[PDB]
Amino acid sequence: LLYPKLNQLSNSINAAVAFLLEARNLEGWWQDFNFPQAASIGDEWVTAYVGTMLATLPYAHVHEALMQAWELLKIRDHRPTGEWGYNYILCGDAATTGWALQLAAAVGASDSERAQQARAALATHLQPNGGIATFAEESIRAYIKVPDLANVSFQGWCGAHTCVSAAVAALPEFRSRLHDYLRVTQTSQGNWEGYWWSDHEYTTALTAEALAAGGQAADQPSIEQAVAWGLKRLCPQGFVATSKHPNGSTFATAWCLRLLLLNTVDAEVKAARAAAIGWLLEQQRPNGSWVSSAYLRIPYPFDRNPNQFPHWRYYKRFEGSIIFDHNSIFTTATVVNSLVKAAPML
């Protein structure tokens, strides 16, 4: 163990936590992403995700910030299903609701009336193939009023989504029901592919974590296949390269680092994690943040497989475009979660 590197990991994590706590708005929300024409900036979703990312820190002031985040979410009680969504003006969705329920668990509110209502609402999104859809068709169709899209298929936006299913499978109440869908959607390469996210490391890490949490020995080979895929994705320099970031994506690398935590015995895996930690430490900005790289696709509503859509515009309407986390809060929270989880295994 190189104690200077252990200490820099502490200093890096602390700088990022300070960035994130200072980056809250006057009411205490984390905000990120922007649809400038009308939907504006994410809050409920971002807050649920960031709070969940910070939930493994031991700091009492961070637990207080998560308690506050949960109180903010409970005041967002305007939707009749009890779901949360991108922000106040959007309809509920399963992915935001799943992250909010993970935050609830971290602050001891899993058994609350609101958490029970929101879990029930998730059941409505279960599909005949055993996965979870992000949106109810009639709820999201209301936001698309342009003649050219108002009457197209919504079976892309309203079909089962692996990235959403993987996040909901973090909830013990759903893990068993989603198991078979998670198993059948694994590729021959050992990864999963998401719907909304560009970076397959997100879906792959969350899916492998849900299979690990279930503890079934039948799922361990699948988890090891995913870890092997992660090892291939991480280059020797310690990053995951993408077409957009051929010198490394901080968001993809962080999720890859999380995935590699699912094998604690293999020497090559431990060395790869150490390499990823080194690279992430080098990439941190002076203010504690990492550069935005959480790329969110807006497929056309009819698109059942955005992983087969060959021409995204980095953001005119937004269908066929990619947006990102302009505040770097989403990316930074992802990175600091991966570093906090990996540090004890350095």
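Note that residue numbering follows the sequence shown and begins at 1.
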{"property": "Where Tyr315 meets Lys316 in the shown sequence, the number of deposited residues left unmodelled", "result": "4 to 9"}
{"property": "Per the entry, higher mean C-alpha B factor between 108 to 116 and 145 to 153", "result": "145 to 153"}
{"property": "Between 86 to 94 and 125 to 133 (mean CA B-factor, as deposited), the higher", "result": "125 to 133"}
{"property": "Criterion, highest CA B-factor; candidates, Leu103, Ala276, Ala267, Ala208", "result": "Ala267"}
{"property": "Residue with highest C-alpha B-factor in the PDB entry, from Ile298, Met53, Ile41, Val291", "result": "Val291"}
{"property": "Record-listed C-alpha B factor of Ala60: chain third", "result": "middle"}
{"property": "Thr334 CA temperature factor, ranked by third within the chain", "result": "lowest"}
{"property": "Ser10, C-alpha B-factor rank within chain (lowest, middle or highest third)", "result": "middle"}
{"property": "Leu171 - Cα temperature factor, lowest/middle/highest third of chain", "result": "highest"}
{"property": "Ranked C-alpha temperature factor of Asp32 among modelled chain residues, by third", "result": "lowest"}
